[PDB]
Amino acid sequence: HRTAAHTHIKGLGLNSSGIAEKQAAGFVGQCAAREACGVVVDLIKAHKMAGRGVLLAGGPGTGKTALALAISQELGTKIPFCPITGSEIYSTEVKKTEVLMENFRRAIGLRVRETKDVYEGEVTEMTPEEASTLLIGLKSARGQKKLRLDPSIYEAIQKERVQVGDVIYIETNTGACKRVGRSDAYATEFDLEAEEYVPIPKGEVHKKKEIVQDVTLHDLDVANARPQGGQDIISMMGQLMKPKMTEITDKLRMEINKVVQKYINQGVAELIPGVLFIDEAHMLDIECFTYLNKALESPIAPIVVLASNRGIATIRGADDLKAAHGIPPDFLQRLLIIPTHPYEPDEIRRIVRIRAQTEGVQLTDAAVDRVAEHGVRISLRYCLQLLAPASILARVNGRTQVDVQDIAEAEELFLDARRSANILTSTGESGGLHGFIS
Amino acid sequence: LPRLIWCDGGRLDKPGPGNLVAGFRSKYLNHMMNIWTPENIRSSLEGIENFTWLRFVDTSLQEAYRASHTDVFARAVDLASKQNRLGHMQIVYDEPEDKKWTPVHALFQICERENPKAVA
Amino acid sequence: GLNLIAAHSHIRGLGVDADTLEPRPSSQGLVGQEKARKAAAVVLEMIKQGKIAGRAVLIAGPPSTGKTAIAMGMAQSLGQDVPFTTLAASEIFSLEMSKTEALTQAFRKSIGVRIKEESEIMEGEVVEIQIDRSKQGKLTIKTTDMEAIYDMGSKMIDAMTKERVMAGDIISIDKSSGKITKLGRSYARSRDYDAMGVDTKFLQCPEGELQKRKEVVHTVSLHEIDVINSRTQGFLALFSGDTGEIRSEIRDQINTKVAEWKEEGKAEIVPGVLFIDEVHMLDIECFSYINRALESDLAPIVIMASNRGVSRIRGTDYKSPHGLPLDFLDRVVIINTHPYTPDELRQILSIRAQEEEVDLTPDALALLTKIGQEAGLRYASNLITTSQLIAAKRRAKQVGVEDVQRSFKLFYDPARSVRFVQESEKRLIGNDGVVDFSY
Amino acid sequence: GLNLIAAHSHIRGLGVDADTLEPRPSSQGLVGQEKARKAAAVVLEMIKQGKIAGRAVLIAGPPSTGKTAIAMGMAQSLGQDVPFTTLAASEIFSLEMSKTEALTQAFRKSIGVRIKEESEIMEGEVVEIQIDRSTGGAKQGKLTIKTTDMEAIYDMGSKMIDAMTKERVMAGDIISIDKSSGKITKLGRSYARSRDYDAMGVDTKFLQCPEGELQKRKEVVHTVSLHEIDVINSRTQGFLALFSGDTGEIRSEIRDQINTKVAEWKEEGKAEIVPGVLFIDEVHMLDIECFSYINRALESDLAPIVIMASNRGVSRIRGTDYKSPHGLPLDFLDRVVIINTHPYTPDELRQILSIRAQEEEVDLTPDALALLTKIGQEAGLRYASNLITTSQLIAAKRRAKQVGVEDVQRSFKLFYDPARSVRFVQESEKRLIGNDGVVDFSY
Amino acid sequence: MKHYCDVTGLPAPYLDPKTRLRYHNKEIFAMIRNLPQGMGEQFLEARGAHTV
Ligand SMILES: Nc1ncnc2c1ncn2[C@@H]1O[C@H](COP(=O)(O)OP(=O)(O)O)[C@@H](O)[C@H]1O
Ligand SMILES: Nc1ncnc2c1ncn2[C@@H]1O[C@H](COP(=O)(O)OP(=O)(O)O)[C@@H](O)[C@H]1O
Ligand SMILES: Nc1ncnc2c1ncn2[C@@H]1O[C@H](COP(=O)(O)OP(=O)(O)O)[C@@H](O)[C@H]1O
């Protein structure tokens, strides 16, 4: 499988008491921030609280996004985890507050369990039995079955171009059906026909499957606001017919809450409140934070995790105002704040070894030490980038493992931003022929 | 395009083997958990609930349900089969004793029950 | 259910002795703020009487002083008898429409039109249909309790045919419209079929008499009547948004007709509240519109809240109090909220601990009250739920002092966070983009 | 053909030893830049192995130092087998969609899904068709078809008769039939029947008869990007928006479904994922909102490798009022490695001008090449390369067989270089419109 | 009815217009048209087909 930046992070690495192990689940250090994220995981899995806000704060490369993605994995696949950057709010298609509101609802999940009643077979019979109800006979290699058809699923089967000898799939509970093809027992009806001959199904003609199905409250928004998919055929024209996002009213979201609650009372649906993660939260403007004050007050609302790396910085859209994190102080009162601290040299050596064995790079310990020096003196994020080039260099040098020579060559082929800033300084001297453009 | 994408469930909306989500999601989002279905509307038809107005906009629960599910072309064809009778009432129910009569089930259709065009 | 525990879930009303408007110190969830609650109670009396149009009231005060809590308390104690539109000022900046249009909508959402109606409706399960294609015919229909045969006119047979009605369908007939609706099929017919169409729904059979007749009360805002009249099926826009900038001659004609419905007693007008939260995010162009909008016979009462000191007005570059134009403040009366004393904090933390169903020890509540005094109410409130989750990891039954203390060290308050930022100046990105990633 | 000679037409690859990644001093059209070409060769290894996700490489250097040349070298050495997306940063500023949507689409174009599908296909020359119309048509019919090796009759079903009559198949037509769907494509006309084609003008081409089996299981390999799957699923004929370009801001739950669906196809073995590369030329034209998006878009397992080029010194970041190296925020440059390109020596200028002269149709005397090399040192490599075309056209007008010094000197006199044109505006300052808008029209 | 090769009994995609024999591939088509003057009719006679 592929290897992205955080793929070594498997979870928060907490004890049963919720205390962080000094190195576990791919983390090193940040024990205080991992413990605080462990309590946020409990806050999410204990379904009862709406709209609690959390801030991750600390320098670039201190692991704020490792922590948010470790939460997402302690939280499992069941619970919605909805990551965005604050930069993504600026749609050209709806106002910013609708984009936030949609992402609030993407973070709240609704789980249904269907028993899917699937029939798949060669059509043996299509007989009318009403003044309009059919009997359809279906065949597989293992037997036949006859189905009484509702007049409306019959028309669905009739809009598919189904005939006797075709192979069809039916979801008898959901009312979906598909023409799979014509059975290849008919393949010699003619020597050429424009037809897709398929073998008869070799399994049971009827199959019953338990499927746990997830949707979100935003999927319900979208489905109730406009005709969707094969309903909206004229959408193919584009221009005014495009399925544009629209500024969905609270009246709609209020009816969705009512209708969803009905299916929760009946036990058909299970509510699952989840997380909205807003990385680069300093990119939100003052009008976004103002809306988040209202949006976090509603009794259905996800837990919201912000991340910021700004010090005292101007609030976007309100140039007169400077505050810590770039978060207006008005909003900052609502948040539980976790600080993430800088790493030490030995912690960097540990993260380097974890990343190497995740990328499949084998290192000499001298190569480990030399790489770790670049994390201390330049950046942790620069250490990790060097490992993959040095692995390539080593193998074309014929070596079985990365060694100091392959690190040293990688350092020279691939500069950091500090050394390249020295080049820009020494060379942007003039408006002459070889200068960088300032 | 390969038939894996164009036919065998690389299209999210089309149900079949290898697209087990789409048939469920079609039924539940358009019918079961759908606000415009007549059984759901009929729960909200009263008081200050969200379909309270439907009593006065000259449309049935069936018509509200059709207009929410058919696209604007199909709705425009259905609109061809209909008559400007509220504009005809402006011609007929005219004297002070006619009291500008309007069907109470069409009470909110103000701007078509009265406009200059029909008189002209 | 869907209603999880939010920050204002404990606020259940304004907490005043309704005959005299004197606030009881702690009731209906509201603690303290008696002067502001009495002013809010007088505002409720203006709202409930409805005779006064277009007063504007600003609730001003520091953060976490109950400005939202008091406005929520008014919503709870005004009750669903009256419209209460809640608008964050950020919502006015639509792409679909003008700022002033977006405000014209929010104003009209806050005026109700109330109509009382007798509807006569037949609902039942279809037993059979007979047609004499010699047109005429007969419908047989049942409840659980009654059954009848009805003579159908030709147009009813056409409509029954076009709507594909068959035995075992639950149908309704609106006698006023003369229009059918297939509601579904009875659960008794679930055995008819091995496969069902996607659109089919099962129902319990109707119950009681067939031809029910009911007295119904309908409350509809002026904004809903705008959107309905904007275009041929405008009632769809009530949900999707999508109104555009509704042309003013529509609104004028609606206002004229609603005045006739009142004059004729067909309807009553129910003026309500628009609450504009964090109103300082509006700009100079908005405030200039609101000046005229308040001066109207169909204006709601407008309530608004601000926490700004002297601050720059948006859309210009001079400052003013509350962040608002003096031209606008000349139209506004002002209610000021205050910081809380330790005994008021102790009560609010207790109200929150009850709502969150957390058992604080007395020493935990004492420490948590000191934290609320030193670090602010919202921060101490956030530590209640946090301490419960930490206590549960101990399998403890009550939140102890150590659970509050561990919550305190794990989660920084704003002041401690600002210190951390100042002590980390060179490792965080400053306002000039400079940062050093080195150890 | 259609493809004319452009600035980069001489670049055929990176010019690097496949065994050691050592760059050769000149090959495949690239001269010098050896340290930079070695680093670009290591990046090609990362791309072709697919293992690593979301690396961002910056090519930093002065203008005309081969930053685009190296980018063309990488594209040419990956070939058609890998998604390569060439974005100018100016393109992100759409009116159709937000900047971050446009950046999502660019990333999604740069991951391929590779799918292998068989069809039986029938290909041959038509010997005969008969069709019976009774009179409503298509009642029955027979096709006779051959290769050089084989001949057969087929009884036809009525929808194949509709296909045959739609595509006006006649005797002598060489056709292919995709019998899994029954589209028929007229590959051509046989020469052996040329006189049957009385309606075909003399410009008509004719083929030889096909070869071998009349029916073959042809296997097709498709690559479809994640962006194409996204756009297909956006509306009833969403694929049309891959051409007209009027995609809206495609909703992220569609993309999340597709990400799940493709991971399913990968684990089932129905498809393979082919990570490509996104090239962002003039990355300094992105703003602070783009960079904070790109930060985290790189963290996905479905991130391509990204390659970026900048001419800029310490320069103002767009959308803010402060300056940073390369014009890029340090917040972003932490997740980037920089490859630096240098200015050329005179023998490298000589070689590049020679290659440019041989890619163009230009016979160049040794003294003209020496003069153009000196102009290159003094006026820059682009100006000297532009003079090659000019001198050829001057030489041709005087009917000369070679470009001589005389022709280069006409070119140098007629067309100013940037340094001479800068001097011209400084000496002509009162007659040109200045930054205060002032100008004097008088003599 | 499924189609089989008259020479080898393997599945036959093709029917020869000339001999009326069904055949598997180009190799057997080459055989079929190089048959002696009476042999195509013997291959038909195993199907009980005749053209006399
Ligand atoms: N404590 C840690 N243990 C192991 N890996 C870490 C740790 N903190 C960060 N990383 C890794 O180092 C890199 C930088 O951290 P990241 O979370 O991206 O920083 P930022 O806070 O700027 O988002 C990422 O690849 C991340 O996976
Ligand atoms: N007088 C009060 N009684 C009970 N709860 C209060 C009171 N004042 C504030 N709170 C609670 O404390 C929190 C902050 O008060 P809130 O009114 O939301 O802040 P602001 O004054 O900034 O609008 C909310 O959870 C609110 O319910
Ligand atoms: N090392 C090189 N080998 C061959 N051609 C080159 C080399 N460097 C530049 N060129 C050519 O010279 C021209 C200018 O270089 P180019 O890469 O376009 O400039 P920039 O670096 O500003 O993008 C282009 O036509 C390019 O193909």
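Every chain is numbered from 1 and lettered A, B, ... according to where its sequence line falls, protein lines coming before strand lines.
- Proximity to chain B is limited to the side chain of A:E196, based on heavy atoms less than 4.5 angstrom apart.
- For A:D219, the parts sitting under 4.5 Å from any heavy atom of chain B are the backbone and the side chain alike.
- Interface remark: A:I211 contributes side-chain atoms only to the contact with chain B (heavy atom separation under 4.5 Å).
- Among A:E120, A:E114, A:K251, the residue with the largest count of heavy-atom pairs under 4.5 Å with chain B is A:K251.
- When heavy atoms are compared at a cutoff of 4.5 Å, A:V259 approaches chain B solely by way of its side chain, counted from C-beta outward.
- In A:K208, the NZ atom is not crowded: 12 or fewer heavy atoms of neighbouring residues, nucleotides or ligands sit closer than 6.0 Å.
- The part of B:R3 that comes within reach of chain A is its side chain, from C-beta onward, which places non-hydrogen atoms under 4.5 angstrom from that chain.
- Only the side chain of A:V112 comes within less than 4.5 Å of a heavy atom in chain B; its backbone stays farther off.
- Across B:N30 and A:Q231, no two heavy atoms sit closer than the pair OD1-NE2, 2.9 Å.
- No other option in A:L220, A:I170, A:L110 has as many heavy-atom pairs under 4.5 Å with chain B as A:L220.
- Heavy atoms of B:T70 lying under 4.5 Å from chain A belong exclusively to its backbone.
- Other residues, nucleotides and ligands place no more than 12 heavy atoms under 6.0 Å from the CZ atom of A:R142.
- Within the 3.5 Å criterion, the main-chain N or O of B:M32 finds a donor-acceptor partner in the side chain of A:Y263.
- Taking both residues in full, the closest heavy atoms of A:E171 and B:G16 are given as OE2-N, 4.4 Å, listed atom of the first, atom of the second, then distance.
- Options B:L29, B:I35, B:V72 differ in how many heavy-atom pairs under 4.5 Å they form with chain A, and the most are formed by B:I35.
- The main-chain N or O of B:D71 is never found under 3.5 Å from a side-chain atom of A:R226 such that the two would form a donor-acceptor pair.
- Within the 4.5 angstrom heavy-atom criterion, no atom of B:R11 approaches chain A.
- Counted within 6.0 Å of CD1 on B:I91, heavy atoms from surrounding residues, nucleotides or ligands total more than 12; the atom is thus considered enclosed.
- Using a 4.5 Å cut-off between heavy atoms, A:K116 touches chain B through its side chain atoms alone.
- Both the backbone and the side chain of A:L252 come within less than 4.5 Å of a heavy atom of chain B.
- Contact tally against chain B (heavy-atom pairs below 4.5 Å) for A:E255, A:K178, A:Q228, A:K258: the top residue is A:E255.
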